[PDB]
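Understanding the architecture of this molecule
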Protein chains: 2
Amino acid sequence: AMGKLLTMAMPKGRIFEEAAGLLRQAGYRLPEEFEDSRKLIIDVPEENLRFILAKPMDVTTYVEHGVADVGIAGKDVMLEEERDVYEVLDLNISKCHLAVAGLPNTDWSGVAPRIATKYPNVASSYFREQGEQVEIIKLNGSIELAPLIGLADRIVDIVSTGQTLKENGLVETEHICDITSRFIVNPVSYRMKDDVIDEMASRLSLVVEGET
Amino acid sequence: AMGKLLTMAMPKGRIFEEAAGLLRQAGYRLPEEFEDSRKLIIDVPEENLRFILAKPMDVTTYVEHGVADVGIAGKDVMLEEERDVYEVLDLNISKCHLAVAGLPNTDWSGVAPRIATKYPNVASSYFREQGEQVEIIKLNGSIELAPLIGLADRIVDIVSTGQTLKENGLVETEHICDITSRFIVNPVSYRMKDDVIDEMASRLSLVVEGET
């Protein structure tokens, strides 16, 4: 027993559900509570797929190494920096974005204006290109906390986009990146599976582009 | 209303409970299900404390900035690199450690032996000092997954210590760091709160050293 599988990395983040939906919609018969699956690597034999439920920064990783042939790369990954994977297709279904935000009616620090973020990479570059001598603090989670106890008056971070008051009870100060997930493909994988993979790319982009 | 508080960073990791216990034992009347608290910043007015429930890599962060005066620095933090905080006191109550591990009866790769880890920093240095031309892949979570789908046959990562088969269903290949949590103190904080802080240091180390 061995053959024609397609290993798709999914970001286990919020996007998981919406990423999962794209497929369901793009016509891949995923099992019902795939969406709440605890497992890290779930199989859909009937539809040729094996999913790995990556933490969303890793999705590309796996895809980059062809451990997964294909990724729904909740662009959080592509926040890291520039790297190797075909970015086949934006799925600006899976929406939301990256922002400088902070607490409601608190303005920037006079001295040592500061940012907590998981993403020194981007924030740094943002303020490294925006001109601000700012002070960035890599934080591994609980970023709402930062402003709350004043680690930093401003987080650089991913929140919804719609309007100015994030889920956090925070408030977007200075938008930076919009970010789209994208269906990404490992190139050496794609060489070998262009069939399923194009087929998917097409299948997805209709779901995406079409309904809007 | 404002005054003599002491903001203690706790790692919300596994250690949280054992970190919490040290205090309970060191005689700080924490509320009952403090230990399961969802909140990021919990207060114990009666015992002068305010806790922030940092993600464990951040505990030092907060402490380093004096957002928390004091940390139980589940050494995961001090895995990052060398940095500013008095390392007052090991709490080798909160035990466990860092290892190269991988799956049961699988040996190293012939070509491109590889490591998934959250900690390129340490793993890299470890193999950068051990002599191995290895291949390290920063992974943000779900590290069990790496070997399972062969991202890398070997994770560098934190697991229990006792015996050779980690919680993961993995198996320790090559121990590297033992790691102790330690009660850490922000120096500018300590200057101002040496009282509570020494008092704590003493109070903790008796709980720690004593019973063993």
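Read on for an overview of the structure.

The rules we used
- Residue positions are given from 1 per chain in written sequence order; they need not agree with the entry numbering, and residues without coordinates are hidden.
- The naming scheme follows written order: chains are lettered A onward, ligands numbered 1 onward.
- The side-chain values count all of the structure's non-hydrogen atoms but skip hydrogen atoms and water molecules.
- Residues with missing side-chain atoms are left out of burial classes, side-chain pairs and their counts.
- Contact between two residues is taken to exist if any of their heavy atoms lie within 4.5 Å; hydrogens are not considered.
- Two parts lose some accessible area (1.4 Å probe) when they are put together, and adding that loss for both gives the buried area.
- We define a salt bridge as a side-chain nitrogen of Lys or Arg found within 4 Å of a carboxyl oxygen belonging to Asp or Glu.
- Two N or O atoms form a polar contact when they lie within 3.5 Å of each other; inside protein one atom must be a possible hydrogen donor and the other a possible acceptor, and for residues adjacent in sequence the pair counts only when both atoms belong to side chains.
- For the purposes of this entry, the term helix denotes a DSSP run of H or I that reaches at least four residues, the term strand denotes a run of E that reaches at least two, and both are numbered from the N terminus.
- Angles shown run from 0 to 180 degrees and are taken between the N-to-C directions of axes, each axis being a line fitted to C-alpha atoms and, for helices, limited to the stretch in contact.
- Just so you know how the angles are binned, under 35 degrees is roughly parallel, over 145 roughly antiparallel, 65 to 115 roughly perpendicular, and the rest oblique.
- All amino acids are sorted into three groups, where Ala, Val, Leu, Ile, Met, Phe, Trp, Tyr, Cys and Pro are nonpolar, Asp, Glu, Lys and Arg are charged, and the leftover types, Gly among them, are polar.
- Between copies, superposition follows a least-squares criterion applied to the C-alpha atoms.
- Exposure is judged per residue with a 1.4 Å probe applied to protein chains only, and the accessible area is read against the type maximum: over 50% gives exposed, under 20% gives buried, and values in between give partly exposed.
- When DSSP locates at least two bridges between a pair of strands, those strands are taken to pair.
- By arc we mean the arc of the directions from the helix axis to the C-beta atoms, nothing more.
- Helix span, expected: 1.5 Å multiplied by one less than the number of residues in the helix.

1. Brief notes about the interface of chain B and chain A
One frequently used descriptor of interface size is the decrease in accessible area upon assembly of the parts. Listed per partner, the contact involves 24 residues of chain B and 24 residues of chain A. The contact between chain B and chain A buries some 2300 Å² in all, and 71% of this surface belongs to carbon and sulfur atoms. In terms of surface lost to chain A, no three residues of chain B exceed B:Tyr62, B:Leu145 and B:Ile149, which account for 25% of the buried area on that side. If you look at where chain B meets chain A, you find zero salt bridges. Linking chain B with chain A are six residue pairs in polar contact. Those elements that place two or more of their residues in the side of chain B that touches chain A are β3 (49–54), α2 (58–65), β8 (135–138) and α5 (145–148) of chain B. Of the residues forming the side of chain B that touches chain A, the biggest block, four residues, is contributed by α2(B).

2. A word on the packing of helix α1 (residues 15–26) of chain A against helix α6 (residues 187–211) of chain A
All names here are of chain A. Relative orientation of the contacting elements α1 and α6 amounts to 105 degrees, with a least axis distance of 9 Å. Taken as axis vectors, α1 and α6 run roughly perpendicular relative to one another. Together, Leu22, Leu23, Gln25 and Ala26 of α1 and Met200, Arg203, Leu204, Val207 and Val208 of α6 make up the contact between the two elements. For the contact of α1 with α6, a count of residues per class yields seven nonpolar, one polar and one charged.

3. Here's the deal with the relation of the copies chain B and chain A
Superposition record for chain B on chain A: RMSD 0.0 Å, screw rotation 180 degrees, translation along axis 0.0 Å. Considering both components of the superposition, the chain copies are consistent with a two-fold axis. Scanning chain B for the C-alpha nearest the rotation axis identifies B:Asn140, at a separation of 4.9 Å.

4. Looking at the pairing of strand β9 (residues 154–159) of chain A
Residue and element names in this part refer to chain A. Here β9 lies mainly inside the structure; six of its six residues are buried. Alternating positions in β9 separate into two faces, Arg154, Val156 and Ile158 on one and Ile155, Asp157 and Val159 on the other, with burial throughout. Strand direction decides the pairing type here: strand β7 (residues 114–117) and β9, joined by three bridges, are parallel. Looking across to β9, one finds that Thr117 is bridged to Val156.

5. Re helix α4 (residues 120–130) of chain A
All names here are of chain A. Of the residues making up α4, those classed as buried are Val122, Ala123, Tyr126 and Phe127. Angularly, the buried residues of α4 cover 120 degrees about the axis, an arc narrow enough to put them on a single face. For α4, exposure combined with an orientation more than 90 degrees from the buried face picks out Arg128 and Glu129.

6. A word on the pattern of salt bridges
Residue and element names in this part refer to chain A. Counted under the stated rule, the structure contains 16 salt bridges over all chains. Here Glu135 ties to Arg114 by a salt bridge, and the two come within 3.2 Å at their closest N and O atoms. With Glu135 in strand β8 (residues 135–138) and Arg114 in strand β7, the pair connects residues that are 21 residues apart, well separated along the chain. Classification of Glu135 by relative accessible area gives partly exposed; the value is 28%. What makes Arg114 buried here is its relative accessible area of 18%.

7. Observations regarding the sheet that holds strand β10 (residues 171–178) of chain A
Residue and element names in this part refer to chain A. Spatially, five strands are ordered β8-β7-β9-β6-β10 in an open sheet, and the strand pairing comes out mixed. Strand pairing shows two members of the sheet lacking a second neighbour, β8 and β10, which therefore form its edges. Strand-to-strand twist in this sheet, taken as the mean axis angle between neighbours without regard to direction, amounts to 30 degrees. The strands touched by α4 are β6 (97–102), β7, β8, β9 and β10; relative to β8, the strand with the most contacts, the crossing angle is about 175 degrees.

8. Points about unusual backbone geometry
Residues and elements named next belong to chain B. One non-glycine residue, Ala112, adopts positive backbone phi at about 45 degrees. Looking at where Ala112 falls in the secondary structure, it is placed in the loop between β6 (97–102) and β7 (114–117). What makes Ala112 partly exposed here is its relative accessible area of 33%. Positive phi is not limited to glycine here, since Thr212 has a value of about 90 degrees. If you trace the backbone, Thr212 turns up in the segment after α6 (187–211). Residue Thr212 is classed as exposed on the basis of its relative accessible area of 84%.

9. Describing helix α1 (residues 15–26) of chain B
Residues and elements named next belong to chain B. Taking 1.5 Å of rise per residue, the 12 residues of α1 would be expected to cover 16 Å, and the 16 Å separating its terminal C-alpha atoms lies within 8% of that figure. Along α1, the residues classified as buried are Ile15, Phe16, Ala19, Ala20, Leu22, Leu23 and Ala26. The buried residues of α1 occupy an angular sector of 150 degrees when the element is viewed end-on, so they sit on one face. Those residues of α1 that are exposed and aimed more than 90 degrees away from the buried face are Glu17 and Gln25. Its buried side turned inward, α1 meets β1 (6–11), β3, β4 (70–72) and α6. Count one or two residues on from α1 and you reach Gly27, which has phi positive near 95 degrees.

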